[PDB]
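Here's the structure, in structure tokens; my notes come after.
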Amino acid sequence: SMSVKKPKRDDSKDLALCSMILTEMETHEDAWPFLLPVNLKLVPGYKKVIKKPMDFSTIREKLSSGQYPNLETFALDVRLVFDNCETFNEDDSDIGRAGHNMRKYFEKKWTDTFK
């Protein structure tokens, strides 16, 4: 509350560390469904169904241009990528499997870097 603060957690490396995680997600062999925005002209149903499209290249541009206020807003966009994937793709599909794999990969790196 006013003039009452928990001890200050060092957040000065968070930007660099989120960048590193994102590089690791970009270079994973199962990243290919997620590297670029879904083409809304060429994928019927996407535009109407997926209210907030998100992809690694959009996260990278937001990250590089100071559009994440803190590391939690960064995590919320990464998770959005996978939540969108689960919304639109059957679990038993190459893309559906890719999303589950990448979400696992991300959640481990997140825990190990920050928790």
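For the structure tokens, the naming scheme is as follows: chains receive sequential letters (A, B, ...) according to their order of presentation, residues are indexed from 1 within each chain, and ligands are indexed from 1 in presentation order.
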
Out of chain A, which residues get helix (DSSP H, G or I) from DSSP, as a ChimeraX atom specification?
/A:14-27,46-49,56-64,71-88,94-114

List the spatial neighbours of residue 49 of chain A as a PDB file with C-alpha atoms, in the first residue's frame - criterion: any atom at most 9 Å away, only C-alpha atoms, same-chain residues fewer than 4 positions off excluded.
```
ATOM      1  CA  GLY A  45     -12.924 -19.118 -40.745  1.00  0.00           C
ATOM      2  CA  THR A  87      -9.121 -23.390 -30.747  1.00  0.00           C
ATOM      3  CA  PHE A  88      -8.670 -23.945 -34.520  1.00  0.00           C
TER       4      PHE A  88
END
```

Have a look at A:96, A:2, A:70, A:35 and name the one nearest to residue 17 of chain A; count only C-alpha atoms.
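Checking each of A:96, A:2, A:70, A:35 against residue 17 of chain A, counting only C-alpha atoms, the winner is A:70.
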
Report the distance between atom CA of residue 100 of chain A and atom CA of residue 25 of chain A in Å, rounded to one decimal place.
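That distance, rounded to one decimal, is 12.8 Å.
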
Give me the residues within 12 Å of residue 46 of chain A as an mmCIF file with N, CA and C atoms, in the first residue's frame, counting only C-alpha atoms and dropping any in the same chain fewer than 4 places off.
```cif
data_model
loop_
_atom_site.group_PDB
_atom_site.id
_atom_site.type_symbol
_atom_site.label_atom_id
_atom_site.label_comp_id
_atom_site.auth_asym_id
_atom_site.auth_seq_id
_atom_site.Cartn_x
_atom_site.Cartn_y
_atom_site.Cartn_z
ATOM 1 N N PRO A 37 2.195 -14.570 -39.063
ATOM 2 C CA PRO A 37 0.744 -14.513 -38.884
ATOM 3 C C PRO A 37 -0.041 -15.402 -39.873
ATOM 4 N N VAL A 38 -1.097 -15.989 -39.352
ATOM 5 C CA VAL A 38 -2.027 -16.782 -40.189
ATOM 6 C C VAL A 38 -2.591 -15.853 -41.246
ATOM 7 N N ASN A 39 -2.609 -16.321 -42.531
ATOM 8 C CA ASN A 39 -3.060 -15.451 -43.652
ATOM 9 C C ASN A 39 -4.623 -15.411 -43.661
ATOM 10 N N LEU A 40 -5.160 -14.301 -43.218
ATOM 11 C CA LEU A 40 -6.582 -14.154 -42.998
ATOM 12 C C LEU A 40 -7.366 -14.107 -44.288
ATOM 13 N N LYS A 41 -6.705 -13.792 -45.413
ATOM 14 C CA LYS A 41 -7.342 -13.908 -46.741
ATOM 15 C C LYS A 41 -7.419 -15.351 -47.209
ATOM 16 N N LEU A 42 -6.495 -16.212 -46.781
ATOM 17 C CA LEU A 42 -6.402 -17.541 -47.357
ATOM 18 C C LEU A 42 -6.830 -18.659 -46.475
ATOM 19 N N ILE A 50 -11.059 -16.403 -34.508
ATOM 20 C CA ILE A 50 -9.900 -16.122 -33.615
ATOM 21 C C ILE A 50 -9.809 -14.626 -33.371
ATOM 22 N N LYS A 51 -10.296 -14.216 -32.216
ATOM 23 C CA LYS A 51 -10.555 -12.814 -32.000
ATOM 24 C C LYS A 51 -9.233 -12.001 -31.884
ATOM 25 N N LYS A 52 -8.157 -12.664 -31.396
ATOM 26 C CA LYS A 52 -6.899 -12.025 -31.217
ATOM 27 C C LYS A 52 -5.750 -12.894 -31.764
ATOM 28 N N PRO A 53 -5.508 -12.827 -33.060
ATOM 29 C CA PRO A 53 -4.415 -13.612 -33.684
ATOM 30 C C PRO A 53 -3.084 -13.221 -33.058
ATOM 31 N N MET A 54 -2.171 -14.183 -32.926
ATOM 32 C CA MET A 54 -0.836 -13.880 -32.394
ATOM 33 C C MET A 54 0.146 -14.896 -32.999
ATOM 34 N N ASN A 84 -4.875 -20.099 -29.288
ATOM 35 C CA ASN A 84 -5.441 -19.981 -30.653
ATOM 36 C C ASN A 84 -5.296 -21.248 -31.442
ATOM 37 N N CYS A 85 -4.132 -21.862 -31.334
ATOM 38 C CA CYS A 85 -3.843 -23.098 -32.084
ATOM 39 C C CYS A 85 -4.865 -24.178 -31.649
ATOM 40 N N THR A 87 -7.784 -23.788 -30.291
ATOM 41 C CA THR A 87 -9.121 -23.390 -30.747
ATOM 42 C C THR A 87 -9.447 -23.819 -32.218
ATOM 43 N N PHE A 88 -8.480 -23.759 -33.111
ATOM 44 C CA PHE A 88 -8.670 -23.945 -34.520
ATOM 45 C C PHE A 88 -8.224 -25.300 -35.084
ATOM 46 N N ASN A 89 -7.413 -26.072 -34.344
ATOM 47 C CA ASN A 89 -6.786 -27.265 -34.892
ATOM 48 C C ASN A 89 -7.140 -28.484 -34.002
#
```

Give me the residues within 10 Å of residue 15 of chain A as a VMD selection string, counting only C-alpha atoms and dropping any in the same chain fewer than 2 places off.
chain A and resid 11 to 13 17 to 20 63 to 64 66 68 to 71 74

Name the residues in contact with residue 79 of chain A at a cut-off of 12 Å, using only C-alpha atoms, excluding same-chain residues fewer than 3 positions from it; report them as a CSV table (one decimal) with N, CA, C and O atoms, in the first residue's frame.
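See out-v4.csv below for the written result:
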```csv
chain,number,residue,atom,x,y,z
A,34,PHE,N,3.7,-21.3,-36.4
A,34,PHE,CA,3.7,-20.1,-35.5
A,34,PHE,C,4.6,-19.0,-35.8
A,34,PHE,O,4.6,-18.0,-35.2
A,52,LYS,N,-8.2,-12.7,-31.4
A,52,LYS,CA,-6.9,-12.0,-31.2
A,52,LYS,C,-5.7,-12.9,-31.8
A,52,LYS,O,-5.1,-13.7,-31.0
A,53,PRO,N,-5.5,-12.8,-33.1
A,53,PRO,CA,-4.4,-13.6,-33.7
A,53,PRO,C,-3.1,-13.2,-33.1
A,53,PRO,O,-2.9,-12.0,-32.7
A,54,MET,N,-2.2,-14.2,-32.9
A,54,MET,CA,-0.8,-13.9,-32.4
A,54,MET,C,0.1,-14.9,-33.0
A,54,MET,O,-0.3,-16.1,-33.3
A,55,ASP,N,1.4,-14.5,-33.2
A,55,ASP,CA,2.4,-15.4,-33.8
A,55,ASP,C,3.8,-14.9,-33.3
A,55,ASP,O,3.9,-13.8,-32.8
A,56,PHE,N,4.8,-15.7,-33.5
A,56,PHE,CA,6.2,-15.4,-33.0
A,56,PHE,C,6.7,-14.1,-33.6
A,56,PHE,O,7.4,-13.4,-32.8
A,59,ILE,N,5.2,-11.2,-31.8
A,59,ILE,CA,5.7,-11.1,-30.5
A,59,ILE,C,7.1,-10.4,-30.5
A,59,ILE,O,7.5,-9.6,-29.7
A,72,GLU,N,5.1,-10.7,-17.6
A,72,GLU,CA,3.8,-11.4,-17.6
A,72,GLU,C,3.0,-11.1,-18.9
A,72,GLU,O,2.3,-12.0,-19.5
A,73,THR,N,3.0,-9.8,-19.4
A,73,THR,CA,2.3,-9.5,-20.7
A,73,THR,C,3.0,-10.3,-21.8
A,73,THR,O,2.3,-10.6,-22.8
A,74,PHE,N,4.3,-10.5,-21.8
A,74,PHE,CA,5.0,-11.3,-22.8
A,74,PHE,C,4.5,-12.8,-22.8
A,74,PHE,O,4.1,-13.3,-23.8
A,75,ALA,N,4.4,-13.3,-21.6
A,75,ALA,CA,3.9,-14.7,-21.4
A,75,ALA,C,2.5,-14.9,-21.9
A,75,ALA,O,2.1,-15.9,-22.4
A,76,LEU,N,1.6,-13.9,-21.7
A,76,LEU,CA,0.3,-13.9,-22.1
A,76,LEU,C,0.2,-14.0,-23.6
A,76,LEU,O,-0.7,-14.8,-24.2
A,82,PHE,N,-0.6,-20.5,-28.5
A,82,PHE,CA,-1.1,-21.8,-28.3
A,82,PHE,C,-2.5,-22.1,-28.0
A,82,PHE,O,-3.1,-23.1,-28.5
A,83,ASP,N,-3.2,-21.2,-27.3
A,83,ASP,CA,-4.6,-21.2,-27.2
A,83,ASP,C,-5.4,-21.0,-28.4
A,83,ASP,O,-6.3,-21.8,-28.7
A,84,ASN,N,-4.9,-20.1,-29.3
A,84,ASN,CA,-5.4,-20.0,-30.7
A,84,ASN,C,-5.3,-21.2,-31.4
A,84,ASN,O,-6.3,-21.7,-32.1
A,85,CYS,N,-4.1,-21.9,-31.3
A,85,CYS,CA,-3.8,-23.1,-32.1
A,85,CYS,C,-4.9,-24.2,-31.6
A,85,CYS,O,-5.4,-24.9,-32.5
A,86,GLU,N,-5.1,-24.3,-30.4
A,86,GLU,CA,-6.0,-25.4,-29.8
A,86,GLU,C,-7.4,-25.1,-30.2
A,86,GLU,O,-8.2,-26.0,-30.5
A,99,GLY,N,1.5,-27.5,-31.5
A,99,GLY,CA,1.1,-26.5,-30.5
A,99,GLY,C,1.3,-27.0,-29.1
A,99,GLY,O,1.8,-26.4,-28.2
A,100,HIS,N,0.8,-28.3,-28.9
A,100,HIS,CA,1.1,-28.9,-27.5
A,100,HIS,C,2.5,-29.0,-27.2
A,100,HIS,O,2.9,-28.7,-26.1
A,102,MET,N,5.1,-27.2,-28.4
A,102,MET,CA,5.7,-25.8,-28.2
A,102,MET,C,5.2,-25.2,-26.8
A,102,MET,O,6.1,-24.5,-26.2
A,103,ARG,N,4.0,-25.4,-26.4
A,103,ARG,CA,3.5,-24.9,-25.1
A,103,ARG,C,4.3,-25.6,-24.0
A,103,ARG,O,4.8,-24.8,-23.1
A,104,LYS,N,4.5,-26.9,-24.0
A,104,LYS,CA,5.4,-27.6,-23.1
A,104,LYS,C,6.8,-27.0,-23.0
A,104,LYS,O,7.3,-26.8,-21.9
A,105,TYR,N,7.5,-26.9,-24.2
A,105,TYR,CA,8.7,-26.4,-24.3
A,105,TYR,C,8.8,-25.0,-23.7
A,105,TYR,O,9.8,-24.7,-23.0
A,106,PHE,N,7.8,-24.1,-24.0
A,106,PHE,CA,7.8,-22.8,-23.4
A,106,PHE,C,7.7,-22.7,-21.9
A,106,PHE,O,8.5,-22.1,-21.2
A,107,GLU,N,6.8,-23.5,-21.3
A,107,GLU,CA,6.4,-23.5,-19.9
A,107,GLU,C,7.6,-23.9,-19.1
A,107,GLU,O,7.9,-23.3,-18.0
A,110,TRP,N,10.2,-21.1,-19.1
A,110,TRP,CA,9.6,-20.0,-18.4
A,110,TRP,C,9.9,-20.3,-16.8
A,110,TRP,O,10.4,-19.4,-16.2
```

May I ask which of the residues A:8, A:108, A:101, A:91 is the closest one to residue 28 of chain A, counting only C-alpha atoms?
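So, comparing all the options, the nearest one is A:101.
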
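Minimum distance to residue 94 of chain A across A:111, A:67, A:62, A:31 (counting only C-alpha atoms) occurs at A:31.
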